[PDB]
file model34.tsv (TSV, C-alpha atoms and all ligand atoms)
chain	number	residue	atom	x	y	z
A	1	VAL	CA	-0.91	-51.39	-21.25
A	2	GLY	CA	2.73	-51.92	-20.10
A	3	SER	CA	4.61	-52.57	-16.87
A	4	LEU	CA	3.48	-51.96	-13.25
A	5	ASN	CA	6.01	-50.10	-11.04
A	6	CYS	CA	6.22	-48.38	-7.64
A	7	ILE	CA	8.58	-45.42	-7.20
A	8	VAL	CA	9.57	-44.04	-3.76
A	9	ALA	CA	12.29	-42.20	-1.85
A	10	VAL	CA	12.88	-43.57	1.64
A	11	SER	CA	15.06	-42.71	4.54
A	12	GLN	CA	17.16	-45.19	6.50
A	13	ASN	CA	14.40	-45.64	9.13
A	14	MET	CA	11.89	-46.25	6.29
A	15	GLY	CA	10.25	-42.89	6.35
A	16	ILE	CA	8.53	-41.41	3.29
A	17	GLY	CA	6.70	-38.46	4.69
A	18	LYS	CA	6.10	-36.16	7.64
A	19	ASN	CA	2.89	-34.12	7.82
A	20	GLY	CA	2.26	-34.47	4.06
A	21	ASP	CA	5.73	-33.25	3.14
A	22	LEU	CA	9.07	-34.97	2.62
A	23	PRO	CA	11.15	-35.75	5.79
A	24	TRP	CA	14.33	-34.28	4.28
A	25	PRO	CA	15.05	-30.93	2.63
A	26	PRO	CA	14.26	-30.74	-1.07
A	27	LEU	CA	16.71	-32.76	-3.25
A	28	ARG	CA	16.43	-31.07	-6.67
A	29	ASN	CA	18.01	-33.87	-8.72
A	30	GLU	CA	15.96	-36.55	-6.88
A	31	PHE	CA	12.76	-34.74	-7.92
A	32	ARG	CA	14.18	-34.60	-11.50
A	33	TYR	CA	14.76	-38.35	-11.40
A	34	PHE	CA	11.17	-38.94	-10.18
A	35	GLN	CA	9.85	-36.73	-13.01
A	36	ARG	CA	12.04	-38.41	-15.68
A	37	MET	CA	11.21	-42.00	-14.63
A	38	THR	CA	7.46	-41.48	-14.32
A	39	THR	CA	7.11	-39.35	-17.50
A	40	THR	CA	9.32	-41.27	-19.99
A	41	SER	CA	7.15	-43.61	-22.13
A	42	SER	CA	8.69	-46.51	-23.93
A	43	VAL	CA	5.72	-46.37	-26.61
A	44	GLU	CA	4.89	-43.31	-28.78
A	45	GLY	CA	1.27	-42.28	-28.95
A	46	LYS	CA	0.96	-43.06	-25.22
A	47	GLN	CA	1.58	-41.51	-21.77
A	48	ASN	CA	2.35	-43.28	-18.53
A	49	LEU	CA	-0.29	-43.34	-15.80
A	50	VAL	CA	0.57	-42.25	-12.26
A	51	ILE	CA	-1.65	-43.66	-9.46
A	52	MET	CA	-1.62	-42.05	-6.03
A	53	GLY	CA	-3.70	-41.82	-2.86
A	54	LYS	CA	-5.56	-38.71	-1.91
A	55	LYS	CA	-2.98	-37.41	0.66
A	56	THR	CA	-0.15	-37.84	-1.95
A	57	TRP	CA	-2.12	-35.78	-4.52
A	58	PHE	CA	-2.64	-32.99	-2.08
A	59	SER	CA	1.08	-33.15	-1.09
A	60	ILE	CA	2.01	-31.93	-4.65
A	61	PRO	CA	2.04	-28.11	-4.93
A	62	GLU	CA	-1.14	-27.00	-6.75
A	63	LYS	CA	0.98	-25.35	-9.47
A	64	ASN	CA	2.37	-28.77	-10.26
A	65	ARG	CA	-0.83	-30.83	-10.34
A	66	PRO	CA	-1.65	-32.67	-12.33
A	67	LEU	CA	1.90	-34.08	-12.88
A	68	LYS	CA	2.47	-32.91	-16.45
A	69	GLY	CA	2.79	-35.27	-19.40
A	70	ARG	CA	1.32	-38.18	-17.36
A	71	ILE	CA	-2.31	-39.28	-16.84
A	72	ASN	CA	-3.09	-38.66	-13.15
A	73	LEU	CA	-5.41	-41.07	-11.25
A	74	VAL	CA	-6.32	-40.55	-7.56
A	75	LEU	CA	-7.48	-43.24	-5.19
A	76	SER	CA	-10.16	-42.40	-2.70
A	77	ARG	CA	-13.45	-43.78	-1.29
A	78	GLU	CA	-14.55	-40.38	0.16
A	79	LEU	CA	-14.20	-38.32	-2.96
A	80	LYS	CA	-17.03	-38.50	-5.47
A	81	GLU	CA	-15.22	-37.02	-8.41
A	82	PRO	CA	-11.58	-36.42	-9.38
A	83	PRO	CA	-10.01	-33.50	-7.54
A	84	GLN	CA	-9.49	-30.23	-9.39
A	85	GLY	CA	-6.71	-30.96	-11.89
A	86	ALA	CA	-6.88	-34.78	-11.73
A	87	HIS	CA	-7.96	-36.98	-14.61
A	88	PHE	CA	-9.43	-40.09	-13.02
A	89	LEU	CA	-10.70	-41.33	-9.61
A	90	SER	CA	-10.96	-44.98	-8.48
A	91	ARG	CA	-12.07	-46.48	-5.15
A	92	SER	CA	-9.25	-48.95	-5.00
A	93	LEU	CA	-6.04	-50.01	-6.64
A	94	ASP	CA	-7.65	-53.11	-8.19
A	95	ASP	CA	-10.38	-50.87	-9.64
A	96	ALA	CA	-7.78	-48.55	-11.04
A	97	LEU	CA	-5.90	-51.37	-12.76
A	98	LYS	CA	-9.20	-52.70	-14.10
A	99	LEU	CA	-9.95	-49.21	-15.59
A	100	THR	CA	-6.61	-49.55	-17.34
A	101	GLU	CA	-8.01	-52.42	-19.45
A	102	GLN	CA	-11.23	-50.54	-20.34
A	103	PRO	CA	-12.00	-48.93	-23.76
A	104	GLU	CA	-10.82	-45.45	-22.81
A	105	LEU	CA	-7.45	-46.13	-21.04
A	106	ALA	CA	-6.20	-49.42	-22.69
A	107	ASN	CA	-4.83	-47.72	-25.85
A	108	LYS	CA	-3.66	-44.52	-24.06
A	109	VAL	CA	-1.47	-45.81	-21.26
A	110	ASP	CA	2.08	-47.12	-21.40
A	111	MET	CA	3.68	-47.80	-18.01
A	112	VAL	CA	1.76	-47.57	-14.66
A	113	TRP	CA	3.63	-45.86	-11.76
A	114	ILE	CA	2.37	-46.08	-8.14
A	115	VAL	CA	3.75	-42.95	-6.50
A	116	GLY	CA	2.35	-43.34	-2.95
A	117	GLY	CA	1.41	-43.39	-0.26
A	118	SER	CA	2.03	-46.15	2.28
A	119	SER	CA	-1.25	-48.16	1.98
A	120	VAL	CA	-1.15	-48.04	-1.85
A	121	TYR	CA	2.45	-49.31	-1.85
A	122	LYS	CA	1.58	-52.08	0.65
A	123	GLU	CA	-1.26	-53.38	-1.45
A	124	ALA	CA	0.65	-53.34	-4.69
A	125	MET	CA	3.68	-54.99	-3.16
A	126	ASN	CA	1.77	-57.95	-1.79
A	127	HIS	CA	-0.37	-58.60	-4.87
A	128	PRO	CA	0.69	-61.47	-7.15
A	129	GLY	CA	2.24	-60.57	-10.47
A	130	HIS	CA	5.20	-58.86	-12.15
A	131	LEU	CA	6.16	-55.64	-10.36
A	132	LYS	CA	9.27	-53.44	-10.05
A	133	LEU	CA	10.12	-51.04	-7.19
A	134	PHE	CA	12.31	-48.02	-8.01
A	135	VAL	CA	13.66	-47.12	-4.57
A	136	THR	CA	15.85	-44.05	-3.76
A	137	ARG	CA	17.69	-44.84	-0.46
A	138	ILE	CA	18.21	-41.61	1.43
A	139	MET	CA	21.19	-42.64	3.53
A	140	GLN	CA	20.31	-40.96	6.84
A	141	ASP	CA	17.53	-41.18	9.41
A	142	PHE	CA	14.87	-38.43	9.22
A	143	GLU	CA	11.91	-37.93	11.54
A	144	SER	CA	8.81	-39.27	9.75
A	145	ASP	CA	5.17	-40.08	10.34
A	146	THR	CA	4.47	-42.38	7.37
A	147	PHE	CA	6.67	-45.30	6.27
A	148	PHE	CA	7.33	-47.53	3.25
A	149	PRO	CA	6.28	-51.17	3.79
A	150	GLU	CA	8.86	-53.93	4.29
A	151	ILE	CA	10.50	-55.17	1.10
A	152	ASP	CA	10.57	-59.02	1.19
A	153	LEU	CA	13.86	-59.84	-0.45
A	154	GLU	CA	12.85	-63.45	-0.81
A	155	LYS	CA	10.54	-62.18	-3.58
A	156	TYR	CA	12.09	-58.84	-4.63
A	157	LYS	CA	15.45	-59.12	-6.35
A	158	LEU	CA	17.72	-56.08	-6.33
A	159	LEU	CA	18.92	-55.62	-9.92
A	160	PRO	CA	22.66	-55.10	-10.38
A	161	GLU	CA	22.04	-52.02	-12.60
A	162	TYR	CA	19.22	-50.77	-14.79
A	163	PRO	CA	19.31	-48.53	-17.98
A	164	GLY	CA	18.68	-44.86	-17.18
A	165	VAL	CA	19.40	-45.32	-13.50
A	166	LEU	CA	22.68	-44.18	-12.03
A	167	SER	CA	24.42	-46.88	-9.89
A	168	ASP	CA	26.78	-44.69	-7.84
A	169	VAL	CA	26.22	-42.59	-4.71
A	170	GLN	CA	24.55	-39.21	-5.17
A	171	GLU	CA	24.73	-36.22	-2.82
A	172	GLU	CA	22.70	-33.03	-2.56
A	173	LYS	CA	22.47	-30.59	0.41
A	174	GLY	CA	24.95	-32.76	2.27
A	175	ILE	CA	22.66	-35.82	2.11
A	176	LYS	CA	24.02	-38.98	0.31
A	177	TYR	CA	21.47	-41.22	-1.48
A	178	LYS	CA	21.48	-43.94	-4.13
A	179	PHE	CA	19.03	-45.32	-6.66
A	180	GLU	CA	17.94	-49.07	-6.66
A	181	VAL	CA	15.60	-51.17	-8.76
A	182	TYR	CA	13.85	-54.29	-7.38
A	183	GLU	CA	11.92	-56.81	-9.39
A	184	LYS	CA	9.42	-59.55	-8.32
A	185	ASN	CA	7.37	-61.94	-10.46
A	186	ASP	CA	5.03	-64.20	-8.54
A	201	LIG	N1	8.36	-41.30	-2.20
A	201	LIG	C1	8.22	-40.55	-1.14
A	201	LIG	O1	9.09	-40.11	-0.34
A	201	LIG	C2	6.72	-40.28	-1.01
A	201	LIG	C3	6.25	-39.50	-0.02
A	201	LIG	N2	4.89	-39.23	0.05
A	201	LIG	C4	4.62	-38.50	1.28
A	201	LIG	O2	4.03	-39.65	2.15
A	201	LIG	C5	2.78	-39.10	2.80
A	201	LIG	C6	1.26	-39.07	2.32
A	201	LIG	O3	0.80	-40.37	2.31
A	201	LIG	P1	-0.06	-41.43	3.17
A	201	LIG	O4	-0.19	-40.79	4.52
A	201	LIG	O5	0.56	-42.73	3.07
A	201	LIG	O6	-1.52	-41.61	2.37
A	201	LIG	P2	-1.74	-41.95	0.76
A	201	LIG	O7	-1.54	-40.88	-0.24
A	201	LIG	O8	-2.38	-43.25	0.39
A	201	LIG	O9	-3.23	-41.30	0.95
A	201	LIG	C7	-4.28	-41.91	1.75
A	201	LIG	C8	-5.71	-41.46	1.31
A	201	LIG	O10	-6.02	-41.98	-0.07
A	201	LIG	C9	-7.09	-42.92	-0.03
A	201	LIG	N3	-6.55	-44.29	-0.42
A	201	LIG	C10	-5.32	-44.83	-0.21
A	201	LIG	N4	-5.24	-46.09	-0.71
A	201	LIG	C11	-6.36	-46.33	-1.32
A	201	LIG	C12	-6.96	-47.37	-2.03
A	201	LIG	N5	-6.41	-48.59	-2.37
A	201	LIG	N6	-8.20	-47.14	-2.44
A	201	LIG	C13	-8.91	-46.03	-2.21
A	201	LIG	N7	-8.44	-45.10	-1.55
A	201	LIG	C14	-7.20	-45.21	-1.10
A	201	LIG	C15	-7.70	-42.72	1.34
A	201	LIG	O11	-8.62	-41.73	0.98
A	201	LIG	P3	-10.09	-42.07	1.46
A	201	LIG	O12	-9.88	-41.84	3.06
A	201	LIG	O13	-10.85	-40.76	0.90
A	201	LIG	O14	-10.52	-43.45	1.17
A	201	LIG	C16	-6.61	-42.17	2.27
A	201	LIG	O15	-7.10	-41.16	3.24
A	201	LIG	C17	3.00	-37.63	2.72
A	201	LIG	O16	3.82	-37.37	3.80
A	201	LIG	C18	3.72	-37.29	1.38
A	201	LIG	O17	4.74	-36.28	1.48
A	201	LIG	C19	3.87	-39.72	-0.80
A	201	LIG	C20	4.40	-40.51	-1.82
A	201	LIG	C21	5.79	-40.77	-1.94
A	202	LIG	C1	6.35	-31.10	-7.85
A	202	LIG	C2	6.33	-32.58	-8.11
A	202	LIG	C3	7.45	-33.02	-9.06
A	202	LIG	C4	6.29	-33.38	-6.79
A	202	LIG	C5	6.06	-32.87	-5.47
A	202	LIG	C6	5.96	-33.81	-4.36
A	202	LIG	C7	6.12	-35.25	-4.53
A	202	LIG	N1	6.19	-36.41	-3.68
A	202	LIG	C8	5.29	-36.89	-2.61
A	202	LIG	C9	7.30	-37.27	-4.05
A	202	LIG	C10	8.60	-36.69	-4.08
A	202	LIG	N2	9.72	-37.34	-4.44
A	202	LIG	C11	9.63	-38.65	-4.81
A	202	LIG	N3	10.80	-39.30	-5.22
A	202	LIG	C12	10.66	-40.62	-5.59
A	202	LIG	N4	11.80	-41.21	-5.87
A	202	LIG	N5	9.52	-41.26	-5.58
A	202	LIG	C13	8.37	-40.64	-5.24
A	202	LIG	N6	7.25	-41.30	-5.27
A	202	LIG	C14	8.39	-39.31	-4.85
A	202	LIG	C15	7.18	-38.66	-4.43
A	202	LIG	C16	6.30	-35.63	-5.83
A	202	LIG	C17	6.39	-34.75	-6.91

call {"tool": "encode", "arguments": {"input": "model34.tsv", "output": "structure tokens"}}
result
Amino acid sequence: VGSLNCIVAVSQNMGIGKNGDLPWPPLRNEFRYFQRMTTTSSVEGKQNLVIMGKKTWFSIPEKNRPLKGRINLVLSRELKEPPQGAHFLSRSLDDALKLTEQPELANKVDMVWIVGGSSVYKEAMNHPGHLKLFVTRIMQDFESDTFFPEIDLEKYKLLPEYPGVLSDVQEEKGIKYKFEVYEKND
């Protein structure tokens, strides 16, 4: 089992969601970036695993779940089995990562991608170990009701560029954004 990563798009006032949808209008190429980063496996014979909370799962249009070409794991303590379409269910992030070293998943999974929401990000970000954050900065303020936790730059180093990630400013629907990669190892 390979690297641990969080991926998120965030507005200037730290928002990541409003009523289970994105705060901004759909950015087609940003969704393509999310799909490409989470799906592309460095190791053949394996898929990457995407981990998400319950509200993030249900925020993906039914036609699109599970996220294709990735193993989909949902976090919940209320649910008693994976939702329709999902592959795995765990009670907690630490349980999910533990499942990842069990018989079944250990030889199937390449990279692990935490794709939201807010409490899952917070926990990952504050847990010791090697972790990267792939952060799309949407360069405007958008009304939101769920936010991405503070990035502690004492621990998370912004990388000066990363392979496969454009470094320059992007714009779609009149909204400028840029892609960043942060790395901690503690
Ligand atoms: N990158 C972006 O811009 C992203 C945006 N989104 C958006 O953000 C918002 C949805 O997210 P948010 O409100 O943060 O909630 P999250 O998806 O975490 O979902 C929370 C639910 O999942 C369960 N859960 C979360 N963490 C854990 C854990 N460690 N263990 C077990 N269960 C857990 C809880 O279910 P239970 O109560 O059953 O225990 C909780 O009700 C939406 O608006 C969506 O559009 C989501 C991801 C990324
Ligand atoms: C239809 C699929 C591709 C879809 C629909 C909604 C969402 N969400 C909540 C979402 C949407 N865009 C996102 N972009 C980045 N950079 N990171 C994320 N974690 C991210 C998450 C994700 C995928």

call {"tool": "residues_around", "arguments": {"input": "model34.tsv", "residues": "residue A:6", "least_positions_apart": "4", "cutoff": "12 Å", "atoms": "only C-alpha atoms", "output": "NGL selection string"}}
result
:A and (34 or 37-38 or 49-52 or 111-118 or 120-125 or 130-136 or 148-149 or 151 or 180-184)

call {"tool": "residues_near_ligand", "arguments": {"input": "model34.tsv", "ligand": "ligand LIG 201 (chain A)", "cutoff": "7 Å", "atoms": "only C-alpha atoms and all ligand atoms", "output": "PyMOL selection string"}}
result
chain A and resi 7-10+16-22+52-57+59+75-79+90-93+115-120+146

call {"tool": "closest_residue", "arguments": {"input": "model34.tsv", "among": "A:46, A:137, A:87, A:108", "to": "ligand LIG 202 (chain A)", "atoms": "all atoms listed in the file"}}
result
A:137

call {"tool": "atom_distance", "arguments": {"input": "model34.tsv", "atom1": "atom CA of residue A:60", "atom2": "atom CA of residue A:29"}}
result
16.6 Å

call {"tool": "residues_around", "arguments": {"input": "model34.tsv", "residues": "residue A:109", "least_positions_apart": "2", "cutoff": "10 Å", "atoms": "only C-alpha atoms", "output": "ChimeraX atom specification"}}
result
/A:1-2,41,43,45-50,70-71,100-101,104-107,111-112

call {"tool": "atom_distance", "arguments": {"input": "model34.tsv", "atom1": "atom CA of residue A:142", "atom2": "atom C16 of ligand LIG 202 (chain A)"}}
result
17.5 Å

call {"tool": "atom_distance", "arguments": {"input": "model34.tsv", "atom1": "atom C12 of ligand LIG 202 (chain A)", "atom2": "atom CA of residue A:30"}}
result
6.8 Å

call {"tool": "residues_near_point", "arguments": {"input": "model34.tsv", "point": "(20.4, -40.1, -1.5)", "cutoff": "9 Å", "atoms": "all atoms listed in the file", "output": "mmCIF file with C-alpha atoms, in the coordinates of the input"}}
result
data_model
loop_
_atom_site.group_PDB
_atom_site.id
_atom_site.type_symbol
_atom_site.label_atom_id
_atom_site.label_comp_id
_atom_site.auth_asym_id
_atom_site.auth_seq_id
_atom_site.Cartn_x
_atom_site.Cartn_y
_atom_site.Cartn_z
ATOM 1 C CA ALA A 9 12.290 -42.200 -1.850
ATOM 2 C CA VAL A 10 12.880 -43.570 1.640
ATOM 3 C CA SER A 11 15.060 -42.710 4.540
ATOM 4 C CA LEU A 27 16.710 -32.760 -3.250
ATOM 5 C CA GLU A 30 15.960 -36.550 -6.880
ATOM 6 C CA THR A 136 15.850 -44.050 -3.760
ATOM 7 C CA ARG A 137 17.690 -44.840 -0.460
ATOM 8 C CA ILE A 138 18.210 -41.610 1.430
ATOM 9 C CA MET A 139 21.190 -42.640 3.530
ATOM 10 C CA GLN A 140 20.310 -40.960 6.840
ATOM 11 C CA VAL A 169 26.220 -42.590 -4.710
ATOM 12 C CA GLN A 170 24.550 -39.210 -5.170
ATOM 13 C CA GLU A 171 24.730 -36.220 -2.820
ATOM 14 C CA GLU A 172 22.700 -33.030 -2.560
ATOM 15 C CA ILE A 175 22.660 -35.820 2.110
ATOM 16 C CA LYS A 176 24.020 -38.980 0.310
ATOM 17 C CA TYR A 177 21.470 -41.220 -1.480
ATOM 18 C CA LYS A 178 21.480 -43.940 -4.130
ATOM 19 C CA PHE A 179 19.030 -45.320 -6.660
#

call {"tool": "build_atoms", "arguments": {"input": "model34.tsv", "residues": "stretch 61-73 of chain A", "atoms": "N, CA and C atoms", "output": "short mmCIF file (atom, residue, chain, number, x, y, z; two decimals), keeping the file's coordinate frame"}}
result
data_model
loop_
_atom_site.label_atom_id
_atom_site.label_comp_id
_atom_site.auth_asym_id
_atom_site.auth_seq_id
_atom_site.Cartn_x
_atom_site.Cartn_y
_atom_site.Cartn_z
N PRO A 61 2.46 -29.53 -4.93
CA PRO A 61 2.04 -28.11 -4.93
C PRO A 61 1.01 -27.95 -6.03
N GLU A 62 -0.05 -27.21 -5.77
CA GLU A 62 -1.14 -27.00 -6.75
C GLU A 62 -0.65 -26.59 -8.15
N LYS A 63 0.40 -25.80 -8.20
CA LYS A 63 0.98 -25.35 -9.47
C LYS A 63 1.50 -26.53 -10.30
N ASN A 64 1.69 -27.69 -9.65
CA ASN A 64 2.37 -28.77 -10.26
C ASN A 64 1.42 -29.91 -10.50
N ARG A 65 0.16 -29.78 -10.10
CA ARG A 65 -0.83 -30.83 -10.34
C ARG A 65 -1.81 -30.39 -11.41
N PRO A 66 -2.14 -31.29 -12.33
CA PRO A 66 -1.65 -32.67 -12.33
C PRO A 66 -0.16 -32.72 -12.74
N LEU A 67 0.46 -33.87 -12.47
CA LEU A 67 1.90 -34.08 -12.88
C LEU A 67 1.91 -34.05 -14.40
N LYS A 68 2.63 -33.09 -14.99
CA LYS A 68 2.47 -32.91 -16.45
C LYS A 68 2.97 -34.06 -17.29
N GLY A 69 2.30 -34.28 -18.43
CA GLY A 69 2.79 -35.27 -19.40
C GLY A 69 2.52 -36.72 -18.96
N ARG A 70 1.77 -36.89 -17.86
CA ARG A 70 1.32 -38.18 -17.36
C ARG A 70 -0.18 -38.09 -17.07
N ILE A 71 -0.89 -39.23 -17.24
CA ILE A 71 -2.31 -39.28 -16.84
C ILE A 71 -2.33 -39.48 -15.34
N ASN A 72 -3.13 -38.67 -14.64
CA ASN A 72 -3.09 -38.66 -13.15
C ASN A 72 -4.38 -39.27 -12.62
N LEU A 73 -4.27 -40.36 -11.85
CA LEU A 73 -5.41 -41.07 -11.25
C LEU A 73 -5.27 -41.07 -9.76
#
